[PDB]
Amino acid sequence: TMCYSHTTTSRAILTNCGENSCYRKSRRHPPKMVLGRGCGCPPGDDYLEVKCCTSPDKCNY
């Protein structure tokens, strides 16, 4: 999958994760600010929410 790789989606740059998933990590509790995006699927906990998707491309918006 091609994934977004930054905390903002504005910039015209992506990461080609290949066979790996995209992730989007954010604060689980409001304000739910995005803390990072990239390849793989790191573990969440009470503070951090991590969504992981394998398609379509840029699914980690």
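Cut-off values and rules
Residues numbered from 1 in each chain as written, not as in the entry; some residues may be left out. Heavy atoms only, no water. UniProt positions renumbered as here; feature names shortened; annotations may be inferred. Disulfide = S-S within 2.5 Å. Helix = DSSP H or I, 4+ residues; strand = E, 2+ residues; numbered from the N terminus. Buried < 20%, exposed > 50% of the residue type's maximum accessible area, 1.4 Å probe, protein only. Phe/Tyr/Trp six-rings, centres within 6.5 Å; stacked < 30°, edge-to-face > 60°.

Its PDB header attributes the entry to X-ray crystallography and lists the resolution as 1.8 Å.

The name that the PDB entry assigns to the protein chain is FASCICULIN 1, with the source organism given as Dendroaspis angusticeps. The deposited PDB record carries the title "1.9 ANGSTROM RESOLUTION STRUCTURE OF FASCICULIN 1, AN ANTI-ACETYLCHOLINESTERASE TOXIN FROM GREEN MAMBA SNAKE VENOM". Per UniProt, the comment on the protein chain under Sequence similarities is "Belongs to the three-finger toxin family. Short-chain subfamily. Acn-esterase inhibitor sub-subfamily."

A. Representation of the UniProt feature "disulfide bond" in the protein chain within the structure. Judged by the 2.5 Å criterion, the disulfide between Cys-3 and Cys-22 that UniProt reports is present, the sulfurs being 2.0 Å apart. Highlighted residues: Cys-3 in strand β1 (residues 2–4) and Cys-22 in strand β3 (residues 22–27), separated in sequence by 19 residues. Assigned by exposure class, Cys-3 and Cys-22 land together as buried.

B. Representation of the state of the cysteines within the structure. The full count for this structure, using the stated rule, is four disulfides. Shown here is the disulfide that connects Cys-41 with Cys-52, its sulfur atoms set 2.0 Å apart. Of note, the bridge from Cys-41 to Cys-52 carries an S-S torsion of about 90° and is right-handed in sense. Of this pair, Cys-41 sits in the loop between β4 (34–39) and β5 (48–53) while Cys-52 sits in strand β5, and the two are 11 residues apart along the sequence. The exposure class of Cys-52 is partly exposed, given its relative accessible area of 32%. Linked covalently through their sulfurs, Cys-53 and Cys-59 form a disulfide whose S-S length is 2.0 Å. An S-S torsion of about 90° defines the bridge between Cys-53 and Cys-59 as right-handed. Taking only the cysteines that form disulfides and numbering them from first to last, the protein chain has the pattern 1-3, 2-4, 5-6, 7-8.

C. Geometry of the packing of aromatic side chains. Counted according to the given criterion, the structure contains one aromatic pair. Here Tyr-4 and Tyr-61 contribute two aromatic rings whose centre-to-centre distance is 6.2 Å and whose plane-to-plane angle is 55°, an arrangement assigned as tilted. Here the residue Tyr-4 occupies a position in strand β1, and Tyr-61 occupies one in the segment after β5, the gap between them amounting to 57 residues. For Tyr-61, a relative accessible area of 58% gives the class exposed.

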